[PDB]
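Heads up, the thing below is written out as structure tokens.
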Amino acid sequence: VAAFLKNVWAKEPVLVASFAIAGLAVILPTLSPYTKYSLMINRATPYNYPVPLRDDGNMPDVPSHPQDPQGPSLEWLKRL
Amino acid sequence: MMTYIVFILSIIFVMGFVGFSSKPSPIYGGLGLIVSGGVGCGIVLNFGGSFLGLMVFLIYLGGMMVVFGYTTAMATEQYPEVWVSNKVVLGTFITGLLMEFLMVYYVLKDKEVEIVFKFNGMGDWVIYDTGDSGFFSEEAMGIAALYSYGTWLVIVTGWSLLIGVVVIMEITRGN
Amino acid sequence: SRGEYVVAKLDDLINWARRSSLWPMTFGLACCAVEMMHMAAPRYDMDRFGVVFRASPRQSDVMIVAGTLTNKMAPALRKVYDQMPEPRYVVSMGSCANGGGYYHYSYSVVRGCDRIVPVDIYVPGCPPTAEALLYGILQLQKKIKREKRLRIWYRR
Amino acid sequence: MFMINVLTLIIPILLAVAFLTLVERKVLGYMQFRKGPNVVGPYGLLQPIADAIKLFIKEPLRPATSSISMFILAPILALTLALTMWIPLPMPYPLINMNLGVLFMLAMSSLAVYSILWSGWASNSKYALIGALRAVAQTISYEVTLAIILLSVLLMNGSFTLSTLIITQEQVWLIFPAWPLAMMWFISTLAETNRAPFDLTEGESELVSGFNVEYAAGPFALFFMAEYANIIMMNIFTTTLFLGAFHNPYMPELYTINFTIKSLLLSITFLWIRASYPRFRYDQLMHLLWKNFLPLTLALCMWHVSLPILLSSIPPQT
Amino acid sequence: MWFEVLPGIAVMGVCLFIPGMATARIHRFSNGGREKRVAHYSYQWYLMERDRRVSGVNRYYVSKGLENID
Amino acid sequence: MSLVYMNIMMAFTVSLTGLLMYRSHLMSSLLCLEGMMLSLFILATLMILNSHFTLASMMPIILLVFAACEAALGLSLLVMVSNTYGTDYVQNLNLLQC
Amino acid sequence: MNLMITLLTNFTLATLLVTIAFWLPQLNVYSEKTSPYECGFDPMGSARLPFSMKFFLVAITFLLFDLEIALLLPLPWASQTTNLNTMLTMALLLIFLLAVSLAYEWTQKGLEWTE
Amino acid sequence: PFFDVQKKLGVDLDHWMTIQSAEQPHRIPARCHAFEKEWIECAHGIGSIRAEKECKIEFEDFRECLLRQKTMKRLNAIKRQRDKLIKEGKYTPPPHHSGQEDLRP
Amino acid sequence: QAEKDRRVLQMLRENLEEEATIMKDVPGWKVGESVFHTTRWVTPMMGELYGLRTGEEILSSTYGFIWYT
Ligand SMILES: CCCCCCCCCCCCCCCCCC(=O)OC[C@H](COP(=O)([O-])OCC[N+](C)(C)C)OC(=O)CCCCCCCCCCCCCCCCC
Ligand SMILES: CCCCCCCCCCCCCCCCCC(=O)OC[C@H](COP(=O)(O)OCCN)OC(=O)CCCCCCCCCCCCCCCCC
Ligand SMILES: CCCCCCCCCCCCCCCCCC(=O)OC[C@H](COP(=O)(O)OCCN)OC(=O)CCCCCCCCCCCCCCCCC
Ligand SMILES: CCCCCCCCCCCCCCCCCC(=O)OC[C@H](COP(=O)(O)OCCN)OC(=O)CCCCCCCCCCCCCCCCC
Ligand SMILES: CCCCCCCCCCCCCCCCCC(=O)OC[C@H](COP(=O)(O)OCCN)OC(=O)CCCCCCCCCCCCCCCCC
Ligand code: SF4
């Protein structure tokens, strides 16, 4: 397949460059480990108001104040 | 009378529709459709859909330009009719404008009309919403949700466009 | 009177604008067109004086008859001169466009372009050199400068 | 007060168009081993004034076989569209701060073709028809590749707003990560305005003058200033897209000087290209964008839509 | 020589320097010495309308500070 | 309803009666088809933007796409016609009467 | 409010430059100057004859392609959604279908001009 | 025939754009979300024949929310009466309805 | 949010109190009658608030954002 690649690179280099760019753009996001970073960056952006919940009495995971240590923090985004 | 701006733009819209639907000649029909597309994009831009108006304006300008190339190429006459070169075309244009302005005068008198549905006479500014929309426009997020949600719509539209390209190749072959 | 001074200054302004923006037409027939292109050469540089060739007669100021005006060509030259907008000037250059030149007694040669179109400046030579043609262009500019259109309009 | 702003926008661009005619003639002369106009005034500063006064005192010459209404409407539409499409450009603050200025400029660049088309069709001549159909061929050659280039280069900006393009290029220029798109955009802007080597409408070789061959002085000047204002606006648009300058909110004059000299260099590059290349055939231009530019544009669009997801570098939309 | 293309180009520079900065000067004149506020999204327009209502002069650029409160 | 709804529906009916009475020219009928498509697009986006139905904003633009899925097709059904006859008149399309 | 003011200002400034160009100078109209220009000779036929085009197939392809890439224009805003893998897959599929259609046009000699 | 493939395979294809009360992007609500929700919850599983006469109040309220016909009629009547009283000179507009009104913030 | 709530309640009360003064001699009219059969609060429509005000406030409110440059 080296002869075919050399012939098509000598004849039409534009199509070879386009196909190489397309192949990298297709097979590269499945290899990089930074796609989940984009996922939680997009999910961490506050478009809507964080509507509070009524305190029934047993909710240990949610805080009572935003400065409380419980809750989803973004020190990873500040670090990156 | 600035509160009826969308109503005035819609009047120009139906005026352009009467202008090109009388079919004088496809050049001036294309000009009338360009004017109608411009005032229609103005209307939908006044309702807040600026992206949709700009998109339909661009798409119809490109389509009308390809159409004009076709009529210059293929659908032409020795003496094209502008609007008054034919009695029937000028006549139907005159009655279309007359019917439009008669409807305008009737709806501008008692602020109510019955053509098959029932319509009011106040400006459309009443039906707007009073609240804000945050840090996003609703139409932009709605069309941006085509890829995150509408996978089936994207699939069938892409297949329809590819099949359309193949169909255009197959029809204009000759053998 | 102040109106006479006003129309004189306006006539001077429009004559300056018309004489400093001459737009000839790309129209040659023979040898004298080669000498005209040598006037358009970098040495003589007609575009210094605002002289720039224009292909269409509708956006042209003057027409330079450079070559031999034959019998088969005269209606075309007349129509081309007719299509030019007013004010229009014609510069006749070369002996062929002046009086027939070498071919005065020929059967199919118009004896001068004066018989077909009105002529402002006659440039003699065979060919008249690029220096001579530039001199004729400057003489045409001088003739345009001493025009008296608005003064005569005020007098009339 | 807005009247003052719009008149101070539209008068200096007309003066810039006239002095662009002067600079074009003089620079094109100097690249051809000769001199430009220098006899009208001191170093030829009064040549555009002489040309403008000369063209507006000549006969209009409306033809008899031409539909007069479209014949008058077409240059008016050309000059109008050349005027009300300079507005969304940030200099550094645009006169009209549109949220979708990029699509606005795309739509009004698509609309300006109709002036050429109706000028060719209205004046009943065969050369005008040939020029109009060549304009149609040029539009269908360039438009889709131009739009995909803009879409691929706006994936790093975040939105279609032209005002936020300065903030995007605050750190580095946008020509460093998108230089193939920059080259293809430059060729697209060359082919958009019917500038050399893609003139093809005012062709003085294949035709006499093309679509404006029946337009005498007065209406003919309108197409000239529309074309020259168009090339200046393309130069400013390319400068904003790919060569974003440093902006200080306390001193806008720094940004004004910077993009002014950059757009001047881009116009000088336009005239540099004009004097050095033979004219393309209008079927070779059709196979240029549709076969060489388009596949690379599609590949670069996929690359630029899969790149910020790959790198956690999706730009904000606010 | 070549530098004689530099005068006319310089005039072009002035012809490209006048409009845009003038807009900035206009934006520094109407808005009371500050930039003209942008409203790309409806929240910014709501803040603009609130400022215009709270100024009391029907001008949104008349900024009322913390001395207004008790 | 409102007023602009009445005007857009009137425009649709005007383009409909423009389409249904041919004037011996196929391009004029194609222009009428494009006009009815534009009127339907404008009415749909007016209703959608009024009612804040954001997820249906995918509807009109996608709808606009299928416009070409007939409209350009109509042009491809013309060139063979213009290769069969020198013009594009609709009175030449009467061979299928027997 | 400002956009129509700018539109009206530019339209007025454009339309004033022809009525100045018309009513100002001295006009002299005869029935030889305003004839159609065909390089000195009167033309054969009219300019309203059918001008047989060659690039009709590429014109229809542009008709499809303009809106089929206009579907790709909300791709900036589509980068702001929470679901990103599906968006990336659908966008890549759309441009892949575009490339397949272009390659099918190229291979079947569809981009070449007739005659 | 309506071969309901979607519920058979559990694959969602076009059920999200069917109504305005579905999962909208960024939880953007429609202007008549409550009325449509009430009408759907009223007429769920009881059949169209029963729903045409048993849940007509909610559907009528939803249709009033969609097109605002009765609100336009009431506003037109109020505006007409106000203009008639102005024309007779029997009514003067209040200062807060004429521009000098001093709104809350 | 609190300021907007108090503002729209003030505007609705102001429009309600001047509706009775405008319409007192008409027969069969009921002041403050709803058009919805339910008693649930609905979002006020732009015609319900600015129905009895001058046109400058109309153009500032329902067209101010779109027309702003
Ligand atoms: C805005 C910034 C400045 C921009 C440049 C402006 C100044 C320079 C201007 C020069 C003069 C231009 C005059 C007009 C020219 C018109 C003709 C023209 O442009 O033709 C285009 C020509 C067309 O070719 P053609 O016309 O010769 O056609 C050849 C046809 N065959 C093969 C059949 C014989 O070239 C292109 O289309 C190239 C476009 C740009 C390519 C950029 C590639 C970047 C690198 C990609 C990756 C490569 C590595 C491999 C993959 C690696 C992956 C990791
Ligand atoms: C007979 C031949 C023709 C003769 C007449 C020719 C007239 C001039 C033709 C050329 C110009 C056509 C213009 C068409 C509409 C363009 C709309 C536009 O430019 O919109 C830009 C901008 C959109 O930005 P947006 O996101 O809405 O921002 C709001 C948040 N700040 O919008 C805004 O920011 C909103 C500003 C106010 C908008 C008001 C509503 C639209 C007004 C349309 C006027 C009429 C257009 C007629 C076009 C005819 C074309 C042939
Ligand atoms: C009551 C009082 C007022 C009455 C009304 C009149 C108002 C003023 C009207 C315009 C000026 C009138 C005078 C015009 C020039 C007259 C003198 C003249 O002809 O000078 C010739 C001289 C060049 O001499 P030349 O023969 O070329 O020399 C050979 C070179 N080796 O030429 C030169 O050196 C250059 C001449 C330049 C003339 C002025 C500049 C042009 C006009 C500018 C203003 C008008 C246009 C404004 C812009 C319009 C849009 C572009
Ligand atoms: C954004 C920037 C745009 C800039 C645009 C303008 C660029 C160029 C600026 C001017 C440069 C110098 C021009 C000099 C022109 C020639 C002047 C001259 O010598 O005129 C002489 C002529 C005849 O006079 P004569 O009676 O023969 O003299 C006797 C001598 N022993 O007498 C006459 O012709 C009469 C007097 C004419 C005077 C003309 C002066 C120049 C006018 C230029 C027009 C634009 C002015 C600036 C506009 C914007 C700023 C306000
Ligand atoms: C899976 C990868 C991504 C695929 C989808 C995305 C594609 C993005 C680019 C879109 C390109 C659209 C246009 C493609 C047209 C291909 C068909 C064609 O026209 O072939 C003709 C050409 C020979 O030229 P000729 O026949 O003379 O053409 C007539 C006028 N020139 O024929 C040729 O030159 C040969 C063309 C085929 C062979 C190309 C080989 C490229 C190799 C690149 C490096 C390896 C990449 C590995 C990925 C898989 C590639 C298959
Ligand atoms: S005058 Fe002499 S040089 Fe000129 S065209 Fe005649 S023969 Fe040739």
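Residue numbers (this note's numbering), protein chains in the order written: chain A, 18 to 97; chain B, 165 to 339; chain C, 354 to 509; chain D, 1145 to 1462; chain E, 1090 to 1159; chain F, 5 to 102; chain G, 2 to 116; chain H, -10 to 94; chain I, 348 to 416. Idealized CB from N, CA, C, for every residue including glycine.
Three or more C-beta pairs below 8 angstroms linking the segment 18 to 30 of chain G and the segment 1196 to 1207 of chain D: Flag = yes, the segment 18 to 30 of chain G and the segment 1196 to 1207 of chain D touch.
Can you find a C-beta in chain B that's less than 7 angstroms from the C-beta of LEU97/F? Taking the first residue of the sixth sequence as 1, we reach residue 97/F at position 93. Chain B, which has no Cβ nearer than 7 angstroms to the Cβ of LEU97/F, makes this no.
Taking C-beta pairs closer than 9 angstroms, name the residues in chain G that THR256/B reaches, listed in chain order. Position 92 of the second sequence, counted from the first residue, corresponds to residue 256/B. Per Cβ cutoff of 9 angstroms: no residues; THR256/B is ~24 angstroms from chain G at best.
Own chain, CB closer than 8 angstroms to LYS498/C, minus 5 neighbours either side, in chain order: Along the third sequence, read from residue 1 onward, the residue named residue 498/C stands at position 145. So the list reads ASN368, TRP369, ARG372, once near-sequence residues are dropped.
Residues of its chain near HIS457/C, where Cβ-Cβ distance is below 7 angstroms and the 5 sequence neighbours each way are ignored: Taking the first residue of the third sequence as 1, we reach residue 457/C at position 104. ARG464, listed in sequence order.
Given a threshold of 16 other Cβ atoms within 10 Å of its Cβ, counted over all protein chains shown, does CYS479/C qualify as buried or as exposed? Within the third sequence, the letter at position 126 stands for residue 479/C. That one is exposed.
Any C-beta of chain B under 7 angstroms from that of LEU68/G: Position 67 of the seventh sequence, counting from 1, holds the residue named residue 68/G. At least one chain B Cβ lies under 7 angstroms of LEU68/G.
At a CB-CB cut-off below 9 angstroms, which residues of chain C make contact with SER36/G? The residue labelled residue 36/G in the question sits at position 35 within the seventh sequence. What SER36/G touches in chain C: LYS432, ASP435, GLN436.
Residue ranges of each alpha helix (DSSP H) run of no fewer than 4 residues wholly in the segment 282 to 336 of chain B, ordered along the chain? 302 to 312, 315 to 335
Let me check one thing: in DSSP terms, what residues is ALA419/C bridge-paired to? Within the third sequence, numbered from 1, the residue matching residue 419/C stands at position 66. Paired residues: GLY381/C, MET446/C.
Opening and closing residue of the beta strand (DSSP E) in which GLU278/B lies: Position 114 of the second sequence, counting from 1, holds the residue named residue 278/B. Per DSSP, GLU278/B belongs to the beta strand (DSSP E) from 276 to 279.
With contact counted as at least three CB pairs below 8 angstroms, one residue from each stretch, are the segment 1348 to 1367 of chain D and the segment 1214 to 1225 of chain D in contact? yes
Report the three-state DSSP secondary structure of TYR475/C (helix, strand or coil). As a working note, residue 475/C is residue 122 in the third sequence. Here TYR475/C sits in strand by DSSP.
Is it the case that the segment 1174 to 1192 of chain D contacts the segment 1126 to 1141 of chain E, given that we only count it when at least three CB pairs across the two stretches are under 8 angstroms? no
Using the beta-carbon count (16 or more within 10 Å), is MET333/B buried or exposed? Along the second sequence, read from residue 1 onward, the residue named residue 333/B stands at position 169. Per the 10 Å Cβ criterion, buried.
For the alpha helix (DSSP H) containing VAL1352/D, list its first residue and its last residue. Stepping through the fourth sequence from its first residue, residue 1352/D is reached at position 208. No alpha helix (DSSP H) contains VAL1352/D, which DSSP labels as neither H nor E.
For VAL268/B, which three-state DSSP category applies? The residue given as residue 268/B occupies position 104 in the second sequence. Look at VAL268/B here: in three-state DSSP terms it is helix.
Put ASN1392/D into one of helix, strand or coil per three-state DSSP. As a working mapping, residue 1392/D is identified with position 248 in the fourth sequence. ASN1392/D falls in the strand class under three-state DSSP.
Please report whether the beta-carbon of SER55/F lies at a distance below 7 angstroms from any beta-carbon of chain H. The residue given as residue 55/F occupies position 51 in the sixth sequence. Interface residue, yes.
Within chain G, partners of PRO410/C - CB distance below 7 angstroms: Counting from one through the third sequence, the residue named residue 410/C turns up at place 57. The answer, in chain order, is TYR38.
Cβ of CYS466/C versus every heavy atom of ligand 6: is any distance shorter than 6 angstroms? By 1-based counting over the third sequence, the position of residue 466/C is 113. Checking every heavy atom of ligand 6 against the Cβ of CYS466/C, none is found closer than 6 angstroms.
So the alpha helix (DSSP H) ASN29/G belongs to, where does it begin and stop? By one-based count along the seventh sequence, residue 29/G stands at place 28. No alpha helix (DSSP H) holds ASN29/G; DSSP gives it neither H nor E.
Would you call the segment 8 to 20 of chain F in contact with the segment 72 to 80 of chain F, where contact means no fewer than 3 C-beta pairs closer than 8 angstroms? no
According to DSSP, is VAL462/C part of a helix, a strand, or is it coil? Here the question's residue 462/C lines up with position 109 in the third sequence. In the structure shown, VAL462/C sits in a strand (DSSP, three-state: E or B).
Can you check whether the CB of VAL382/I is closer than 7 angstroms to the CB of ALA367/I? Counting from one through the ninth sequence, the residue named residue 367/I turns up at place 20. Counting from one through the ninth sequence, the residue named residue 382/I turns up at place 35. Contact flag unset, no.
Exposed unless 16 or more other CB atoms sit within 10 angstroms - verdict on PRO37/G: Translated into the one-based positions of the seventh sequence, residue 37/G becomes position 36. Buried, since its Cβ has 16 or more Cβ neighbours within 10 Å.
Please return the same chain residues whose Cβ sits closer than 8 angstroms to the Cβ of residue 349/B, not counting the five positions on each side in sequence. Outside the shown range of chain B, which is 165 to 339, sits residue 349/B, and nothing can be said about it.
Can you look up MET238/B in the DSSP assignment and give me helix, strand or coil? Along the second sequence, read from residue 1 onward, the residue named residue 238/B stands at position 74. If DSSP states are grouped into helix, strand and coil, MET238/B belongs with coil.
Are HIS1391/D and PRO1238/D close, meaning C-beta to C-beta below 7 angstroms? Along the fourth sequence, one-based indexing puts residue 1391/D at 247. Along the fourth sequence, one-based indexing puts residue 1238/D at 94. No, Cβ-Cβ distance for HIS1391/D and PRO1238/D is not below 7 angstroms.
8 angstroms contact criterion, which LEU1250/D and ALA1291/D should meet: CB distance rounded: As a first step, residue 1250/D must be located in the fourth sequence, where it is residue number 106. As a first step, residue 1291/D must be located in the fourth sequence, where it is residue number 147. The pair is a contact, with the Cβ atoms about 6 angstroms apart (cut-off 8 angstroms).
Looking only at its own chain, which residues have a Cβ that is under 7 angstroms from the Cβ of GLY193/B, when we skip the five neighbours before and after it? Start at 1 with the first residue of the second sequence, and residue 193/B comes out as number 29. The answer, listed in chain order, is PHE184, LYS187.
Against chain C, which members of the segment 40 to 61 of chain G pass a CB distance test of less than 7 angstroms? If the cut-off is 7 angstroms between Cβ atoms, the segment 40 to 61 of chain G has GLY41, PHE42 near chain C.
Leaving out five residues on either side along the sequence, give the residues of the same chain with a beta carbon under 6 angstroms from the beta carbon of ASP288/B. Residue mapping note: residue 288/B aligns to position 124 of the second sequence, counting from 1. Within the same chain, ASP288/B has close Cβ partners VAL170.
Cα separation between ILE70/G and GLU1287/D? The residue you call residue 70/G lines up with position 69 of the seventh sequence. The residue you call residue 1287/D lines up with position 143 of the fourth sequence. Cα-Cα distance, rounded: 11 angstroms.
In chain order, what residues of the same chain have a beta carbon less than 7 angstroms from the beta carbon of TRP1434/D, not counting five sequence neighbours either side? One-based indexing of the fourth sequence puts residue 1434/D at position 290. Contacts found: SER1285.
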